[PDB]
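Colleague: Take a look at the following structure, please.
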Amino acid sequence: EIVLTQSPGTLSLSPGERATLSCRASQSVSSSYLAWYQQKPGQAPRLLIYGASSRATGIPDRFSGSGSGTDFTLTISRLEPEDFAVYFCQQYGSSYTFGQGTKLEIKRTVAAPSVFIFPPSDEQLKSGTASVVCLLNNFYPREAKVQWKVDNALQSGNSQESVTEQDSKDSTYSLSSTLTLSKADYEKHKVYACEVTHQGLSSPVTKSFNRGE
Amino acid sequence: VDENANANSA
Amino acid sequence: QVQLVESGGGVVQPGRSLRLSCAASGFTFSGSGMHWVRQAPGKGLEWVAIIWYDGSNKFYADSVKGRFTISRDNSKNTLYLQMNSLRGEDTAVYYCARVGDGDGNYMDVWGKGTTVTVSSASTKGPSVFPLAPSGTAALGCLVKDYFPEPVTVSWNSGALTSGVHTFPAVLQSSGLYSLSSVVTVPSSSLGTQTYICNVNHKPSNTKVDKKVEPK
């Protein structure tokens, strides 16, 4: 199959700047059958470019496509706020295959997270499970590390996390992490902590509580 | 036959 | 206005079958080839199948060949995808797309999509637990152990949205989902203002209003 490799994985720019997105095919694309699509969160993809360089109806002229053979480029000449989205390339000459996408995000100043920790509620504990939740609020860039500790034992593999989409107004991210223990294990330990590492923090920040206090 | 040939009526 | 609208998505047990439909309007449906494409949660796009304008030729991705059948009814402006012997890895949003008029079968109009979840989990409403407030304070609700997606969350019936973050759910090893929703508020408002998270899980007809207060 024709594998399309997009680069970079993430592009961080600001409105007004020029974006260059690349797509490389493992085999030469037939008939320049190379298309580019835009996808915003919660939305279906939208065609931007086909035939490597032909703009779709309604697409503004700041979008342009070039390239041939194995190497293709999508250029956005002067970014607008609505252009920050995920972009996919696709070849339609030998079967139908897609790149893995490039995310074009807004670059803004570094912002450290505000960190909060929440113990399990008494209502939940009656059911046999304990969820401990850590919130990292309004931070940038997206890269952040959450390390759960239970009586200073570093936890690995017993938590799950998710991250919001970049905020349309302040361009930050927020993150939620849930540590799951049995009620019996929860009641065997005292100090529950989440330690957060992020570019905006000169050293890691820990928030903690003591069970039943 | 060819999965990438023209699938439209014209 | 050219538009495509998919339907028929739902929960299916592994091994069972489902049929999707796509309704077309605003163009001459019988003149266009049509595609199905799908997107699994957190992943990229994967082409599924194509069908010629008149229903003659059909072609399939290797991942679905022998299990899926694409068909159309030009008299009803409708496209179908019959999915048999479904597996967990078929879970995805399924999009229909029109074949464009330039050279080749690129996708020039897309529908909004319909969601298929392949799972043996049973329908279950969420438990809603408080994330109680410990300047700026944070508080929230943990919406735990529900199936299938989605849930919706608002605060104070929609009147509180500044500073709310409702996070993408995660799928636990139990096969049930869990989600948190939080809000940041002034510390000084905690003794005086009421904060209620409104949770709706339509698949189970479960609606919860939960007041969150300092413990």
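Colleague: Among the numbered conditions (1) part of a loop (DSSP other than H, G, I, E, B); (2) surrounded by fewer than 19 Cβ atoms within 10 Å (Cβ to Cβ), tell me where A:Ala44 comes up short.
Modeller: (2)
Colleague: Can you give me the ranges of the strands (runs of 3 or more DSSP E) entirely in segment C:31-92 with at least 1 residues that are out of contact with any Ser or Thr (no Cβ under 8 Å at 6 or more places or on another chain) and among the charged types (D, E, K, R)?
Modeller: C:34-39, C:68-73
Colleague: Scan segment A:87-105 for residues that are more than 8 Å from chain C (Cβ to nearest Cβ) and surrounded by 19 or more Cβ atoms within 10 Å (Cβ to Cβ) and report the count.
Modeller: Here the count works out to 6.
Colleague: Please state which of the following conditions A:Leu79 fails to meet, knowing it meets all the rest: (1) touching a helix residue (DSSP H, G or I) at 6+ places or on another chain (Cβ under 9 Å); (2) part of a loop (DSSP other than H, G, I, E, B).
Modeller: Of (1) touching a helix residue (DSSP H, G or I) at 6+ places or on another chain (Cβ under 9 Å); (2) part of a loop (DSSP other than H, G, I, E, B), only one is false for A:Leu79: (1).
Colleague: Residues of segment C:139-177 being surrounded by fewer than 21 Cβ atoms within 10 Å (Cβ to Cβ), among the hydrophobic types (A, V, I, L, M, F, W, C) and within 7 Å of chain A (Cβ to nearest Cβ), which ones?
Modeller: Within segment C:139-177, just C:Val170 meets the criteria.
Okay, residues lined up against (1) under 30 Å from A:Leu13 (Cα atoms); (2) of a type in the set (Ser, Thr, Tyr); (3) over 24 Å from the mean Cα position of the chain (by Cα):
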site	(1), (2), (3)
A:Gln155	no, no, no
A:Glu161	yes, no, no
A:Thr164	yes, yes, no
A:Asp170	yes, no, no
A:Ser174	yes, yes, no
A:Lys188	no, no, yes
A:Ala193	no, no, yes
A:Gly200	yes, no, no
A:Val205	yes, no, no
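Colleague: Let me ask something else about it. For segment A:117-213, list the strands (runs of 3 or more DSSP E) that sit wholly inside it and hold at least 1 residues that are facing chain C (nearest Cβ under 10 Å) and under 21 Å from C:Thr184 (Cβ atoms); which are they?
Modeller: A:129-139, A:159-163, A:173-182, A:205-210
For (1) basic (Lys, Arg); (2) within 14 Å of chain B (Cβ to nearest Cβ), each residue gets a yes or a no:
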position	(1), (2)
C:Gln1	no, no
C:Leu4	no, no
C:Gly10	no, no
C:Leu18	no, no
C:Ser30	no, yes
C:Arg38	yes, no
C:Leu45	no, no
C:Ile50	no, yes
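Colleague: Of the residues C:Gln39, C:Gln1, only one is surrounded by fewer than 21 Cβ atoms within 10 Å (Cβ to Cβ), more than 17 Å from C:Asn74 (Cβ to Cβ) and in contact with a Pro (Cβ under 9 Å, 6 or more places away or on another chain); which?
Modeller: None of the others qualify; the one that does is C:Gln39.
Cβ sites come from the backbone with ideal geometry, for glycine too, and all protein chains shown count toward neighbours. Where a number appears in this text, it was derived from the coordinates with a stated rule and is not lab data.
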